[PDB]
$ cat run-v5.cif   # mmCIF, N, CA and C atoms and all ligand atoms
data_my_file
loop_
_atom_site.group_PDB
_atom_site.id
_atom_site.type_symbol
_atom_site.label_atom_id
_atom_site.label_comp_id
_atom_site.auth_asym_id
_atom_site.auth_seq_id
_atom_site.Cartn_x
_atom_site.Cartn_y
_atom_site.Cartn_z
ATOM 1 N N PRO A 2 -12.729 -40.999 51.591
ATOM 2 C CA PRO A 2 -12.191 -41.299 50.249
ATOM 3 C C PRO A 2 -12.326 -42.768 49.878
ATOM 4 N N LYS A 3 -12.197 -43.057 48.588
ATOM 5 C CA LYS A 3 -12.256 -44.431 48.067
ATOM 6 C C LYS A 3 -10.885 -44.770 47.495
ATOM 7 N N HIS A 4 -10.229 -45.740 48.099
ATOM 8 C CA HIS A 4 -8.860 -46.131 47.779
ATOM 9 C C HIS A 4 -8.872 -47.509 47.161
ATOM 10 N N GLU A 5 -8.059 -47.727 46.146
ATOM 11 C CA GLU A 5 -7.882 -49.027 45.567
ATOM 12 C C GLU A 5 -6.474 -49.535 45.817
ATOM 13 N N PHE A 6 -6.381 -50.827 46.138
ATOM 14 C CA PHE A 6 -5.103 -51.482 46.382
ATOM 15 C C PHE A 6 -5.001 -52.761 45.551
ATOM 16 N N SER A 7 -3.768 -53.061 45.163
ATOM 17 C CA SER A 7 -3.393 -54.340 44.600
ATOM 18 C C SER A 7 -2.963 -55.201 45.784
ATOM 19 N N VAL A 8 -3.511 -56.409 45.923
ATOM 20 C CA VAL A 8 -3.161 -57.297 47.033
ATOM 21 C C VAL A 8 -2.953 -58.691 46.456
ATOM 22 N N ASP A 9 -1.786 -59.287 46.697
ATOM 23 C CA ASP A 9 -1.444 -60.580 46.081
ATOM 24 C C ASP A 9 -2.124 -61.766 46.751
ATOM 25 N N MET A 10 -3.424 -61.859 46.505
ATOM 26 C CA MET A 10 -4.268 -62.939 47.003
ATOM 27 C C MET A 10 -4.233 -64.091 46.028
ATOM 28 N N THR A 11 -4.026 -65.303 46.541
ATOM 29 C CA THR A 11 -4.092 -66.481 45.723
ATOM 30 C C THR A 11 -5.480 -67.101 45.833
ATOM 31 N N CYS A 12 -5.942 -67.537 47.023
ATOM 32 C CA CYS A 12 -7.322 -68.093 46.940
ATOM 33 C C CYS A 12 -8.336 -67.624 47.993
ATOM 34 N N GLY A 13 -9.374 -68.418 48.261
ATOM 35 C CA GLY A 13 -10.436 -67.986 49.171
ATOM 36 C C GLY A 13 -9.887 -67.640 50.539
ATOM 37 N N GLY A 14 -8.923 -68.419 51.017
ATOM 38 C CA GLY A 14 -8.303 -68.106 52.305
ATOM 39 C C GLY A 14 -7.604 -66.752 52.320
ATOM 40 N N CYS A 15 -7.081 -66.338 51.167
ATOM 41 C CA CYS A 15 -6.405 -65.060 51.059
ATOM 42 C C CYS A 15 -7.438 -63.940 51.114
ATOM 43 N N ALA A 16 -8.567 -64.134 50.423
ATOM 44 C CA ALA A 16 -9.646 -63.130 50.444
ATOM 45 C C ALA A 16 -10.210 -63.013 51.868
ATOM 46 N N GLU A 17 -10.367 -64.148 52.552
ATOM 47 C CA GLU A 17 -10.786 -64.147 53.954
ATOM 48 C C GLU A 17 -9.806 -63.425 54.857
ATOM 49 N N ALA A 18 -8.499 -63.618 54.629
ATOM 50 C CA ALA A 18 -7.483 -62.941 55.449
ATOM 51 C C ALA A 18 -7.570 -61.450 55.314
ATOM 52 N N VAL A 19 -7.755 -60.973 54.101
ATOM 53 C CA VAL A 19 -7.972 -59.544 53.859
ATOM 54 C C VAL A 19 -9.211 -59.040 54.587
ATOM 55 N N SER A 20 -10.311 -59.782 54.472
ATOM 56 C CA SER A 20 -11.522 -59.388 55.168
ATOM 57 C C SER A 20 -11.305 -59.322 56.674
ATOM 58 N N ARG A 21 -10.595 -60.309 57.232
ATOM 59 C CA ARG A 21 -10.374 -60.351 58.677
ATOM 60 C C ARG A 21 -9.587 -59.150 59.167
ATOM 61 N N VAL A 22 -8.534 -58.765 58.454
ATOM 62 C CA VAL A 22 -7.740 -57.603 58.930
ATOM 63 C C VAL A 22 -8.525 -56.298 58.826
ATOM 64 N N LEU A 23 -9.330 -56.167 57.775
ATOM 65 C CA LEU A 23 -10.168 -54.992 57.590
ATOM 66 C C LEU A 23 -11.292 -54.937 58.615
ATOM 67 N N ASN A 24 -11.901 -56.073 58.911
ATOM 68 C CA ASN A 24 -12.944 -56.129 59.936
ATOM 69 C C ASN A 24 -12.395 -55.754 61.311
ATOM 70 N N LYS A 25 -11.190 -56.211 61.625
ATOM 71 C CA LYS A 25 -10.569 -55.862 62.917
ATOM 72 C C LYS A 25 -10.249 -54.384 63.021
ATOM 73 N N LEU A 26 -9.781 -53.795 61.928
ATOM 74 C CA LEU A 26 -9.508 -52.361 61.910
ATOM 75 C C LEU A 26 -10.800 -51.581 62.162
ATOM 76 N N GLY A 27 -11.863 -51.968 61.468
ATOM 77 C CA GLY A 27 -13.150 -51.286 61.544
ATOM 78 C C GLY A 27 -13.218 -50.005 60.738
ATOM 79 N N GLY A 28 -14.427 -49.483 60.600
ATOM 80 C CA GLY A 28 -14.643 -48.203 59.961
ATOM 81 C C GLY A 28 -14.303 -48.250 58.495
ATOM 82 N N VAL A 29 -14.595 -49.388 57.857
ATOM 83 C CA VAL A 29 -14.290 -49.566 56.429
ATOM 84 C C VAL A 29 -15.480 -50.152 55.679
ATOM 85 N N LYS A 30 -15.662 -49.710 54.441
ATOM 86 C CA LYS A 30 -16.602 -50.331 53.548
ATOM 87 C C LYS A 30 -15.732 -50.833 52.421
ATOM 88 N N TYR A 31 -15.677 -52.137 52.200
ATOM 89 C CA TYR A 31 -14.732 -52.669 51.227
ATOM 90 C C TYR A 31 -15.344 -53.702 50.301
ATOM 91 N N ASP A 32 -14.656 -53.903 49.185
ATOM 92 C CA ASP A 32 -15.003 -55.011 48.349
ATOM 93 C C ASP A 32 -13.739 -55.574 47.714
ATOM 94 N N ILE A 33 -13.734 -56.904 47.675
ATOM 95 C CA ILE A 33 -12.557 -57.696 47.338
ATOM 96 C C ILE A 33 -12.832 -58.393 46.008
ATOM 97 N N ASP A 34 -11.937 -58.158 45.040
ATOM 98 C CA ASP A 34 -11.969 -58.807 43.730
ATOM 99 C C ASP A 34 -10.812 -59.799 43.689
ATOM 100 N N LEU A 35 -11.106 -61.036 44.089
ATOM 101 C CA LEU A 35 -10.085 -62.056 44.203
ATOM 102 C C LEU A 35 -9.392 -62.382 42.862
ATOM 103 N N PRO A 36 -10.160 -62.635 41.788
ATOM 104 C CA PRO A 36 -9.534 -62.928 40.492
ATOM 105 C C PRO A 36 -8.550 -61.871 40.001
ATOM 106 N N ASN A 37 -8.852 -60.607 40.239
ATOM 107 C CA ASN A 37 -8.015 -59.511 39.762
ATOM 108 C C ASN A 37 -7.061 -58.943 40.812
ATOM 109 N N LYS A 38 -7.030 -59.559 41.998
ATOM 110 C CA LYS A 38 -6.078 -59.214 43.054
ATOM 111 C C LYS A 38 -6.188 -57.751 43.439
ATOM 112 N N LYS A 39 -7.437 -57.314 43.610
ATOM 113 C CA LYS A 39 -7.709 -55.928 43.989
ATOM 114 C C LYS A 39 -8.663 -55.832 45.163
ATOM 115 N N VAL A 40 -8.492 -54.762 45.940
ATOM 116 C CA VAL A 40 -9.341 -54.470 47.081
ATOM 117 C C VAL A 40 -9.632 -52.985 47.048
ATOM 118 N N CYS A 41 -10.912 -52.651 47.120
ATOM 119 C CA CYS A 41 -11.366 -51.243 47.162
ATOM 120 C C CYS A 41 -11.925 -50.943 48.519
ATOM 121 N N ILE A 42 -11.533 -49.800 49.102
ATOM 122 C CA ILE A 42 -11.891 -49.484 50.466
ATOM 123 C C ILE A 42 -12.360 -48.045 50.565
ATOM 124 N N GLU A 43 -13.580 -47.841 51.044
ATOM 125 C CA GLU A 43 -14.087 -46.506 51.355
ATOM 126 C C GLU A 43 -14.012 -46.337 52.854
ATOM 127 N N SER A 44 -13.374 -45.258 53.283
ATOM 128 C CA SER A 44 -13.241 -44.980 54.728
ATOM 129 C C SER A 44 -12.617 -43.609 54.939
ATOM 130 N N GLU A 45 -12.600 -43.180 56.213
ATOM 131 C CA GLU A 45 -11.844 -42.011 56.615
ATOM 132 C C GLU A 45 -10.531 -42.382 57.300
ATOM 133 N N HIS A 46 -10.132 -43.640 57.224
ATOM 134 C CA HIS A 46 -8.763 -44.015 57.588
ATOM 135 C C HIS A 46 -7.767 -43.442 56.596
ATOM 136 N N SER A 47 -6.548 -43.151 57.058
ATOM 137 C CA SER A 47 -5.502 -42.703 56.154
ATOM 138 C C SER A 47 -5.139 -43.810 55.188
ATOM 139 N N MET A 48 -4.650 -43.426 54.023
ATOM 140 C CA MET A 48 -4.101 -44.432 53.095
ATOM 141 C C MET A 48 -3.015 -45.259 53.798
ATOM 142 N N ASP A 49 -2.204 -44.594 54.636
ATOM 143 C CA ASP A 49 -1.107 -45.231 55.415
ATOM 144 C C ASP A 49 -1.598 -46.354 56.300
ATOM 145 N N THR A 50 -2.661 -46.072 57.046
ATOM 146 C CA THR A 50 -3.252 -47.048 57.950
ATOM 147 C C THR A 50 -3.808 -48.221 57.156
ATOM 148 N N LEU A 51 -4.482 -47.921 56.045
ATOM 149 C CA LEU A 51 -5.056 -49.002 55.228
ATOM 150 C C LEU A 51 -3.942 -49.880 54.646
ATOM 151 N N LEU A 52 -2.869 -49.260 54.163
ATOM 152 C CA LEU A 52 -1.746 -50.001 53.600
ATOM 153 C C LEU A 52 -1.143 -50.935 54.668
ATOM 154 N N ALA A 53 -0.892 -50.398 55.854
ATOM 155 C CA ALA A 53 -0.313 -51.183 56.947
ATOM 156 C C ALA A 53 -1.230 -52.335 57.345
ATOM 157 N N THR A 54 -2.526 -52.075 57.381
ATOM 158 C CA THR A 54 -3.504 -53.109 57.747
ATOM 159 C C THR A 54 -3.496 -54.242 56.725
ATOM 160 N N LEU A 55 -3.519 -53.896 55.438
ATOM 161 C CA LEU A 55 -3.498 -54.930 54.413
ATOM 162 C C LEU A 55 -2.241 -55.752 54.472
ATOM 163 N N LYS A 56 -1.123 -55.089 54.781
ATOM 164 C CA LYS A 56 0.165 -55.779 54.868
ATOM 165 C C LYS A 56 0.230 -56.801 56.015
ATOM 166 N N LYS A 57 -0.666 -56.701 56.999
ATOM 167 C CA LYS A 57 -0.732 -57.680 58.100
ATOM 168 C C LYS A 57 -1.071 -59.074 57.611
ATOM 169 N N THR A 58 -1.660 -59.182 56.418
ATOM 170 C CA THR A 58 -1.909 -60.473 55.793
ATOM 171 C C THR A 58 -0.639 -61.170 55.315
ATOM 172 N N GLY A 59 0.446 -60.409 55.189
ATOM 173 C CA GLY A 59 1.690 -60.893 54.631
ATOM 174 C C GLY A 59 1.726 -60.859 53.116
ATOM 175 N N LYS A 60 0.614 -60.535 52.451
ATOM 176 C CA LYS A 60 0.596 -60.484 51.006
ATOM 177 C C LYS A 60 1.256 -59.189 50.548
ATOM 178 N N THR A 61 1.825 -59.226 49.356
ATOM 179 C CA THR A 61 2.366 -58.036 48.721
ATOM 180 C C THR A 61 1.224 -57.071 48.424
ATOM 181 N N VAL A 62 1.401 -55.806 48.800
ATOM 182 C CA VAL A 62 0.363 -54.777 48.628
ATOM 183 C C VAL A 62 0.973 -53.554 47.959
ATOM 184 N N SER A 63 0.259 -52.993 46.986
ATOM 185 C CA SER A 63 0.617 -51.673 46.494
ATOM 186 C C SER A 63 -0.645 -50.846 46.264
ATOM 187 N N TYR A 64 -0.443 -49.561 46.016
ATOM 188 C CA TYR A 64 -1.553 -48.626 46.001
ATOM 189 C C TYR A 64 -1.886 -48.253 44.566
ATOM 190 N N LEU A 65 -3.147 -48.425 44.203
ATOM 191 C CA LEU A 65 -3.636 -48.146 42.855
ATOM 192 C C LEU A 65 -4.345 -46.821 42.748
ATOM 193 N N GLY A 66 -4.440 -46.106 43.854
ATOM 194 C CA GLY A 66 -4.893 -44.732 43.851
ATOM 195 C C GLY A 66 -6.314 -44.501 44.342
ATOM 196 N N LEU A 67 -6.705 -43.237 44.265
ATOM 197 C CA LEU A 67 -8.031 -42.810 44.572
ATOM 198 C C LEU A 67 -8.980 -43.166 43.429
ATOM 199 N N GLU A 68 -10.190 -43.573 43.802
ATOM 200 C CA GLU A 68 -11.298 -43.792 42.879
ATOM 201 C C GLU A 68 -12.316 -42.676 43.076
HETATM 202 PT PT PT B 101 -5.072 -68.218 48.758
#
$ encode --input "run-v5.cif" --output "structure tokens"
Amino acid sequence: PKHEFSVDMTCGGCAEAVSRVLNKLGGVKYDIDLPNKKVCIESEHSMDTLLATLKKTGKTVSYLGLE
């Protein structure tokens, strides 16, 4: 599935932090829209796992649904 999340990223370091947690999880194809504070993730990970992984950045995260 393709999941979209709102992630409260402020700058390049925030976008990097998101990338780092997703890279460590593995099994994800993602793209990060820093200006609009959004992250789209295609994977067979559960929405739950993806939410928890994004939250490891410490940024506020919410779920914008399936794409
Ligand atoms: Pt930042």
$ select_by_dssp --input "run-v5.cif" --residues "chain A" --states "alpha helix (DSSP H)" --output "ChimeraX atom specification"
/A:13-26,48-56
$ residues_near_ligand --input "run-v5.cif" --ligand "ligand PT 101 (chain B)" --cutoff "7 Å" --atoms "only N, CA and C atoms and all ligand atoms" --output "ChimeraX atom specification"
/A:10-16
$ resolve_selection --input "run-v5.cif" --expression "the PyMOL selection byres (((chain A and resi 19-32) around 8) and not hetatm)" --output "PyMOL selection string"
chain A and resi 13-18+33-35+39-46+54-55+57-58
$ select_by_dssp --input "run-v5.cif" --residues "chain A" --states "strand (DSSP E or B)" --output "list in words"
residues 3, 4, 5, 6, 7, 8, 30, 31, 32, 33, 34, 39, 40, 41, 42, 43, 62, 63, 64, 65, 66 and 67 of chain A
$ atom_distance --input "run-v5.cif" --atom1 "atom CA of residue A:60" --atom2 "atom CA of residue A:2"
23.1 Å
$ atom_distance --input "run-v5.cif" --atom1 "atom C of residue A:59" --atom2 "atom CA of residue A:38"
12.8 Å
$ resolve_selection --input "run-v5.cif" --expression "the PyMOL selection byres (((chain A and resi 61) around 6.5) and not hetatm)" --output "PDB file with N, CA and C atoms, in the coordinates of the input"
ATOM      1  N   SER A   7      -3.768 -53.061  45.163  1.00  0.00           N
ATOM      2  CA  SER A   7      -3.393 -54.340  44.600  1.00  0.00           C
ATOM      3  C   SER A   7      -2.963 -55.201  45.784  1.00  0.00           C
ATOM      4  N   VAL A   8      -3.511 -56.409  45.923  1.00  0.00           N
ATOM      5  CA  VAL A   8      -3.161 -57.297  47.033  1.00  0.00           C
ATOM      6  C   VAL A   8      -2.953 -58.691  46.456  1.00  0.00           C
ATOM      7  N   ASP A   9      -1.786 -59.287  46.697  1.00  0.00           N
ATOM      8  CA  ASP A   9      -1.444 -60.580  46.081  1.00  0.00           C
ATOM      9  C   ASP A   9      -2.124 -61.766  46.751  1.00  0.00           C
ATOM     10  N   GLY A  59       0.446 -60.409  55.189  1.00  0.00           N
ATOM     11  CA  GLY A  59       1.690 -60.893  54.631  1.00  0.00           C
ATOM     12  C   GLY A  59       1.726 -60.859  53.116  1.00  0.00           C
ATOM     13  N   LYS A  60       0.614 -60.535  52.451  1.00  0.00           N
ATOM     14  CA  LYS A  60       0.596 -60.484  51.006  1.00  0.00           C
ATOM     15  C   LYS A  60       1.256 -59.189  50.548  1.00  0.00           C
ATOM     16  N   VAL A  62       1.401 -55.806  48.800  1.00  0.00           N
ATOM     17  CA  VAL A  62       0.363 -54.777  48.628  1.00  0.00           C
ATOM     18  C   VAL A  62       0.973 -53.554  47.959  1.00  0.00           C
ATOM     19  N   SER A  63       0.259 -52.993  46.986  1.00  0.00           N
ATOM     20  CA  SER A  63       0.617 -51.673  46.494  1.00  0.00           C
ATOM     21  C   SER A  63      -0.645 -50.846  46.264  1.00  0.00           C
TER      22      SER A  63
END
$ closest_residue --input "run-v5.cif" --among "A:37, A:52, A:6, A:47" --to "residue A:66" --atoms "all atoms listed in the file"
A:6
$ atom_distance --input "run-v5.cif" --atom1 "atom C of residue A:56" --atom2 "atom CA of residue A:3"
19.3 Å
$ decode --input "run-v5.cif" --residues "stretch 13-58 of chain A" --atoms "N, CA and C atoms" --output "PDB file, in the first residue's frame"
ATOM      1  N   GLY A  13      16.308  20.885   6.724  1.00  0.00           N
ATOM      2  CA  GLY A  13      16.992  19.775   6.057  1.00  0.00           C
ATOM      3  C   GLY A  13      17.349  18.675   7.034  1.00  0.00           C
ATOM      4  N   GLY A  14      17.777  19.051   8.234  1.00  0.00           N
ATOM      5  CA  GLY A  14      18.080  18.042   9.249  1.00  0.00           C
ATOM      6  C   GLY A  14      16.873  17.196   9.633  1.00  0.00           C
ATOM      7  N   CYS A  15      15.682  17.790   9.564  1.00  0.00           N
ATOM      8  CA  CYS A  15      14.462  17.080   9.892  1.00  0.00           C
ATOM      9  C   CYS A  15      14.148  16.085   8.781  1.00  0.00           C
ATOM     10  N   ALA A  16      14.329  16.513   7.526  1.00  0.00           N
ATOM     11  CA  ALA A  16      14.092  15.615   6.382  1.00  0.00           C
ATOM     12  C   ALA A  16      15.096  14.453   6.425  1.00  0.00           C
ATOM     13  N   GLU A  17      16.350  14.750   6.768  1.00  0.00           N
ATOM     14  CA  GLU A  17      17.362  13.709   6.954  1.00  0.00           C
ATOM     15  C   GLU A  17      17.006  12.739   8.062  1.00  0.00           C
ATOM     16  N   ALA A  18      16.467  13.249   9.179  1.00  0.00           N
ATOM     17  CA  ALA A  18      16.078  12.373  10.296  1.00  0.00           C
ATOM     18  C   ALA A  18      15.007  11.406   9.888  1.00  0.00           C
ATOM     19  N   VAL A  19      14.027  11.880   9.148  1.00  0.00           N
ATOM     20  CA  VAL A  19      12.988  11.009   8.593  1.00  0.00           C
ATOM     21  C   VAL A  19      13.585   9.946   7.680  1.00  0.00           C
ATOM     22  N   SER A  20      14.476  10.365   6.784  1.00  0.00           N
ATOM     23  CA  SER A  20      15.117   9.406   5.904  1.00  0.00           C
ATOM     24  C   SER A  20      15.887   8.352   6.690  1.00  0.00           C
ATOM     25  N   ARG A  21      16.609   8.776   7.733  1.00  0.00           N
ATOM     26  CA  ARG A  21      17.415   7.841   8.519  1.00  0.00           C
ATOM     27  C   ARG A  21      16.560   6.789   9.200  1.00  0.00           C
ATOM     28  N   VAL A  22      15.437   7.187   9.788  1.00  0.00           N
ATOM     29  CA  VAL A  22      14.598   6.173  10.478  1.00  0.00           C
ATOM     30  C   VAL A  22      13.960   5.199   9.491  1.00  0.00           C
ATOM     31  N   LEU A  23      13.568   5.701   8.323  1.00  0.00           N
ATOM     32  CA  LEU A  23      12.992   4.865   7.281  1.00  0.00           C
ATOM     33  C   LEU A  23      14.029   3.930   6.673  1.00  0.00           C
ATOM     34  N   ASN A  24      15.237   4.422   6.455  1.00  0.00           N
ATOM     35  CA  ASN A  24      16.317   3.580   5.940  1.00  0.00           C
ATOM     36  C   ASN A  24      16.659   2.455   6.915  1.00  0.00           C
ATOM     37  N   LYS A  25      16.668   2.757   8.206  1.00  0.00           N
ATOM     38  CA  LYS A  25      16.949   1.721   9.217  1.00  0.00           C
ATOM     39  C   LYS A  25      15.864   0.664   9.274  1.00  0.00           C
ATOM     40  N   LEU A  26      14.612   1.085   9.148  1.00  0.00           N
ATOM     41  CA  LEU A  26      13.503   0.135   9.121  1.00  0.00           C
ATOM     42  C   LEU A  26      13.647  -0.801   7.919  1.00  0.00           C
ATOM     43  N   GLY A  27      13.932  -0.224   6.759  1.00  0.00           N
ATOM     44  CA  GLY A  27      14.034  -0.968   5.508  1.00  0.00           C
ATOM     45  C   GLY A  27      12.698  -1.321   4.888  1.00  0.00           C
ATOM     46  N   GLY A  28      12.751  -1.792   3.652  1.00  0.00           N
ATOM     47  CA  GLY A  28      11.576  -2.284   2.966  1.00  0.00           C
ATOM     48  C   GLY A  28      10.590  -1.180   2.692  1.00  0.00           C
ATOM     49  N   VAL A  29      11.109   0.013   2.384  1.00  0.00           N
ATOM     50  CA  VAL A  29      10.251   1.178   2.117  1.00  0.00           C
ATOM     51  C   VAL A  29      10.691   1.912   0.856  1.00  0.00           C
ATOM     52  N   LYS A  30       9.719   2.429   0.115  1.00  0.00           N
ATOM     53  CA  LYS A  30       9.995   3.328  -0.973  1.00  0.00           C
ATOM     54  C   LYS A  30       9.309   4.605  -0.551  1.00  0.00           C
ATOM     55  N   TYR A  31      10.050   5.682  -0.350  1.00  0.00           N
ATOM     56  CA  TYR A  31       9.447   6.886   0.206  1.00  0.00           C
ATOM     57  C   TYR A  31       9.853   8.152  -0.525  1.00  0.00           C
ATOM     58  N   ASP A  32       9.040   9.179  -0.318  1.00  0.00           N
ATOM     59  CA  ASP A  32       9.443  10.479  -0.761  1.00  0.00           C
ATOM     60  C   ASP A  32       8.933  11.523   0.223  1.00  0.00           C
ATOM     61  N   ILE A  33       9.822  12.485   0.457  1.00  0.00           N
ATOM     62  CA  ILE A  33       9.683  13.469   1.523  1.00  0.00           C
ATOM     63  C   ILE A  33       9.477  14.833   0.872  1.00  0.00           C
ATOM     64  N   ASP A  34       8.369  15.487   1.243  1.00  0.00           N
ATOM     65  CA  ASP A  34       8.043  16.845   0.809  1.00  0.00           C
ATOM     66  C   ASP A  34       8.228  17.761   2.013  1.00  0.00           C
ATOM     67  N   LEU A  35       9.438  18.304   2.137  1.00  0.00           N
ATOM     68  CA  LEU A  35       9.790  19.110   3.287  1.00  0.00           C
ATOM     69  C   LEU A  35       8.927  20.383   3.431  1.00  0.00           C
ATOM     70  N   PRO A  36       8.771  21.177   2.358  1.00  0.00           N
ATOM     71  CA  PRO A  36       7.940  22.384   2.454  1.00  0.00           C
ATOM     72  C   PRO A  36       6.515  22.144   2.945  1.00  0.00           C
ATOM     73  N   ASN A  37       5.913  21.042   2.537  1.00  0.00           N
ATOM     74  CA  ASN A  37       4.530  20.741   2.895  1.00  0.00           C
ATOM     75  C   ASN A  37       4.379  19.773   4.068  1.00  0.00           C
ATOM     76  N   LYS A  38       5.501  19.389   4.684  1.00  0.00           N
ATOM     77  CA  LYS A  38       5.508  18.574   5.899  1.00  0.00           C
ATOM     78  C   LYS A  38       4.777  17.261   5.685  1.00  0.00           C
ATOM     79  N   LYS A  39       5.090  16.629   4.552  1.00  0.00           N
ATOM     80  CA  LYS A  39       4.475  15.349   4.205  1.00  0.00           C
ATOM     81  C   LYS A  39       5.503  14.310   3.802  1.00  0.00           C
ATOM     82  N   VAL A  40       5.163  13.049   4.070  1.00  0.00           N
ATOM     83  CA  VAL A  40       5.994  11.914   3.712  1.00  0.00           C
ATOM     84  C   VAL A  40       5.072  10.845   3.165  1.00  0.00           C
ATOM     85  N   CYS A  41       5.408  10.349   1.983  1.00  0.00           N
ATOM     86  CA  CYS A  41       4.652   9.257   1.333  1.00  0.00           C
ATOM     87  C   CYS A  41       5.487   8.014   1.320  1.00  0.00           C
ATOM     88  N   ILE A  42       4.890   6.872   1.696  1.00  0.00           N
ATOM     89  CA  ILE A  42       5.637   5.647   1.864  1.00  0.00           C
ATOM     90  C   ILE A  42       4.899   4.490   1.217  1.00  0.00           C
ATOM     91  N   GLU A  43       5.545   3.814   0.276  1.00  0.00           N
ATOM     92  CA  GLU A  43       5.021   2.577  -0.299  1.00  0.00           C
ATOM     93  C   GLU A  43       5.772   1.432   0.338  1.00  0.00           C
ATOM     94  N   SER A  44       5.027   0.484   0.884  1.00  0.00           N
ATOM     95  CA  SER A  44       5.647  -0.690   1.532  1.00  0.00           C
ATOM     96  C   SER A  44       4.575  -1.697   1.924  1.00  0.00           C
ATOM     97  N   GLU A  45       5.037  -2.877   2.371  1.00  0.00           N
ATOM     98  CA  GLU A  45       4.165  -3.852   2.995  1.00  0.00           C
ATOM     99  C   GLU A  45       4.294  -3.848   4.516  1.00  0.00           C
ATOM    100  N   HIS A  46       4.950  -2.846   5.076  1.00  0.00           N
ATOM    101  CA  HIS A  46       4.866  -2.608   6.519  1.00  0.00           C
ATOM    102  C   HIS A  46       3.470  -2.158   6.909  1.00  0.00           C
ATOM    103  N   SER A  47       3.048  -2.481   8.135  1.00  0.00           N
ATOM    104  CA  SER A  47       1.770  -1.996   8.629  1.00  0.00           C
ATOM    105  C   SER A  47       1.804  -0.490   8.771  1.00  0.00           C
ATOM    106  N   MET A  48       0.640   0.128   8.672  1.00  0.00           N
ATOM    107  CA  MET A  48       0.551   1.567   8.977  1.00  0.00           C
ATOM    108  C   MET A  48       1.098   1.841  10.387  1.00  0.00           C
ATOM    109  N   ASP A  49       0.811   0.928  11.328  1.00  0.00           N
ATOM    110  CA  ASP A  49       1.268   1.017  12.742  1.00  0.00           C
ATOM    111  C   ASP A  49       2.772   1.111  12.863  1.00  0.00           C
ATOM    112  N   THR A  50       3.460   0.221  12.156  1.00  0.00           N
ATOM    113  CA  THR A  50       4.915   0.182  12.168  1.00  0.00           C
ATOM    114  C   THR A  50       5.473   1.464  11.567  1.00  0.00           C
ATOM    115  N   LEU A  51       4.876   1.912  10.461  1.00  0.00           N
ATOM    116  CA  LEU A  51       5.365   3.141   9.818  1.00  0.00           C
ATOM    117  C   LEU A  51       5.164   4.345  10.746  1.00  0.00           C
ATOM    118  N   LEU A  52       4.009   4.421  11.400  1.00  0.00           N
ATOM    119  CA  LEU A  52       3.722   5.518  12.319  1.00  0.00           C
ATOM    120  C   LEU A  52       4.757   5.534  13.461  1.00  0.00           C
ATOM    121  N   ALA A  53       4.997   4.377  14.062  1.00  0.00           N
ATOM    122  CA  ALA A  53       5.955   4.266  15.165  1.00  0.00           C
ATOM    123  C   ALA A  53       7.361   4.648  14.714  1.00  0.00           C
ATOM    124  N   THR A  54       7.734   4.226  13.517  1.00  0.00           N
ATOM    125  CA  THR A  54       9.065   4.537  12.976  1.00  0.00           C
ATOM    126  C   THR A  54       9.228   6.042  12.783  1.00  0.00           C
ATOM    127  N   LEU A  55       8.228   6.686  12.182  1.00  0.00           N
ATOM    128  CA  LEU A  55       8.316   8.126  11.981  1.00  0.00           C
ATOM    129  C   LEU A  55       8.403   8.870  13.283  1.00  0.00           C
ATOM    130  N   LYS A  56       7.674   8.375  14.288  1.00  0.00           N
ATOM    131  CA  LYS A  56       7.674   9.012  15.606  1.00  0.00           C
ATOM    132  C   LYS A  56       9.039   8.946  16.313  1.00  0.00           C
ATOM    133  N   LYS A  57       9.926   8.047  15.886  1.00  0.00           N
ATOM    134  CA  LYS A  57      11.287   7.961  16.448  1.00  0.00           C
ATOM    135  C   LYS A  57      12.091   9.223  16.204  1.00  0.00           C
ATOM    136  N   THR A  58      11.691  10.026  15.217  1.00  0.00           N
ATOM    137  CA  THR A  58      12.306  11.324  14.980  1.00  0.00           C
ATOM    138  C   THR A  58      11.979  12.355  16.057  1.00  0.00           C
TER     139      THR A  58
END
